[PDB]
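Only one chain is included here, represented as structure tokens and corresponding to the form deposited in one PDB entry.
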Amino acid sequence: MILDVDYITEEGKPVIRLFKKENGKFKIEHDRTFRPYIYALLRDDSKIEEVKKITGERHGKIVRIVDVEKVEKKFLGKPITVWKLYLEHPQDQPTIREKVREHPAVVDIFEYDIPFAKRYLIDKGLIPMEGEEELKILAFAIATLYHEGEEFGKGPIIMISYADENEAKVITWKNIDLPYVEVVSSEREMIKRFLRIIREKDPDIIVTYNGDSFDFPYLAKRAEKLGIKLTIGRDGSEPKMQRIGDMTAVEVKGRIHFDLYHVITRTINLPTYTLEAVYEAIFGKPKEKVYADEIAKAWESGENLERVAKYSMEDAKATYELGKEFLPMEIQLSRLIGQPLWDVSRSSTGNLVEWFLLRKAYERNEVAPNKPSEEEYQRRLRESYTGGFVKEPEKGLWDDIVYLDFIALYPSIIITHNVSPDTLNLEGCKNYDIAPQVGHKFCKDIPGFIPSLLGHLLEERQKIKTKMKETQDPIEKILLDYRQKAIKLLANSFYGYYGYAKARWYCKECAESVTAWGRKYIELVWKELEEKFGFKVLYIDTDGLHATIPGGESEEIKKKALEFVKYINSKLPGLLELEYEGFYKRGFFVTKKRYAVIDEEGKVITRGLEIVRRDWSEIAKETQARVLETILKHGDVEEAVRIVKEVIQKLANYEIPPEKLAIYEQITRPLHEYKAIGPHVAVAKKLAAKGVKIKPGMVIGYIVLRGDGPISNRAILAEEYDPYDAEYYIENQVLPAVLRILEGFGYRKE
């Protein structure tokens, strides 16, 4: 199977290399046959003989168009005649493009800034991570002797742990007596053993957690000072930093660096994204953290290292397990998109759709629209449309509730109303559907580019689901499940893609119309659910409704609910389908986007309320959860008021622990660009004053300390407490939190 691709300049000409892995043997495969090119649309096709002779320059030398062919393609469905300008080297494309645009007989030019190795994959129709191959995986993590004032790198690497399917060890240079620890002469020899372990194991994939930003760049700094070449690549080569977005990733030749941190952040939505937090949130069992302050003492003392070694071992072990679970999802995306895992694993869903289209656009002989210009991109940002409909809830406590939602609303709208730029407002098209409220016409004679592709996706997904039901072997059952999950992720990325400012196939009018149809079909079911079935729709948000027959018998509300979806689906066009999602014994609707329901088994789904927020104290979440609990389960509002008043005294007596006092707030900008200082900013601003590495995306916790003055300067880091203002955590957190529910019951501050 193909693991990666690249090119190298062999005496001025470009050579594609395919890093394969076939039946156990890893083998590089070269190719010199492939030619870089671009497209040029001419006003006068006779003026080709002039354009053929255009010439640029690069690093002193003179550059020209090696060849030219007249090809007929399509553009947004319509047939187009375009000339294919072949060059010699892919880095000639920037200079030639410029000079060809200037020409008056050239209208525009397309597919010019597509990386050369990616052309190869698309054009040759090759797909990474195909076929049956047992890839060797190896996770690893390091440990640094950090002091609070020290720069990045000055501290020695203390440990390097690595994990595997068979074993999981640690490598250090102090004397730790454990079966998994490996004692070594020095830092120098630690790094050396690591490199040997990598050569011995020979991993097809190297897994890490935060490798791109921390693990690898730290190694590099140390290996520089110790004069050691990090021979990690199969080419014998070192890890190379390669920019992909504004982000700077890390690359290893012949192997696949797989940083989990990127994939994780976009898959789930946890409070904090430390390795410890993520591990528990996936599997269940715990994993503690030993801080850099605690380890530095353990290094000087040299007696506490029994546990620090245990910590490092678990990081590698963790990373491997996490890695092992998140990989098949990511390798299936790579297989579906048709790009190397390394990129996919660091690629936004927007981009994933982009590349998916580019490939399919080739397969259909369609010329890809160009990226937006700087002005267009900016003019696209200052442009919007209305989104989903959200009903003001019928507030209060309600019995016997039902949830009904659409199966893949937006995909079904797209597919069945043929929504795409290549069908928008076509001239003299026979049949079309009009967009509600916004009035965009969509031709339905020939199925549009994107709609057509969603069809194939959902059809295949639909084929897998029926295959899973009917399959016997429980191995393929799991692999099927991953394919089907990947197609889902891609399938639901199209609506967002349409309004993505950097999108080649950006189509605001498409996005607007999908939304438009959404509201129509939801408001239909709404009016139809009450006026013809007697239900009372309590709340709505885009995709689904809550309903009930106020006072009615449980089993009747269910019986009629099933009947309503059986009737309404007959009224809905194409793929637009509604379903019976589930039943909830009670439900409490506070505001829009904020409510709680409780199933027949006793579990409570809380959405939007402080319970699931980061920027609220866990004492406020815990208290509020018990207030909800004691209202949803049964009317014990008497002890409910005692539950919260019991917490006021414990919070007053300083009897409540730390962590339950921590408030988390992400830093979304550079500290310089902040125009208004908050509490989480003032903490991270004074940390950076002591040389600490505060970057965007970093979620810090601030506990408020008892004093008097500004709320921001009184907040100290939550990671290290002071062995807090009781007025804040009561009157500005727990009380407001609990009030949100009890407000409807009429309670004041009591």
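Residue numbers here begin at 1 and follow the sequence given. Definition used throughout: the rigid core is the maximal C-alpha set that superposes within 1.5 Å between two forms.
One more form of this protein should be noted, the form deposited in another entry, which is absent from this view; the next part is about it.
Taking the core as reference between this form and the one not shown, the lone member of 563, 113, 399, 639 whose Cα moves by 2 Å or more is 639.
Residue 18 is not among the residues whose C-alpha shifts by 2 Å or more between this form and the one not shown once the rigid core is aligned; its shift stays under 2 Å. Relative to the superposed core, residue 42 undergoes a Cα shift smaller than 2 Å between this form and the one not shown. Fitting the two forms on the rigid core leaves the C-alpha of residue 460 displaced by under 2 angstroms between this form and the one not shown. In that other deposited form, the CA atoms of residue 146 and residue 659 move farther apart by at least 3 angstroms compared with the shown structure. In that other deposited form, the separation between the C-alpha atoms of residue 659 and residue 143 grows by 3 Å or more relative to the displayed form.
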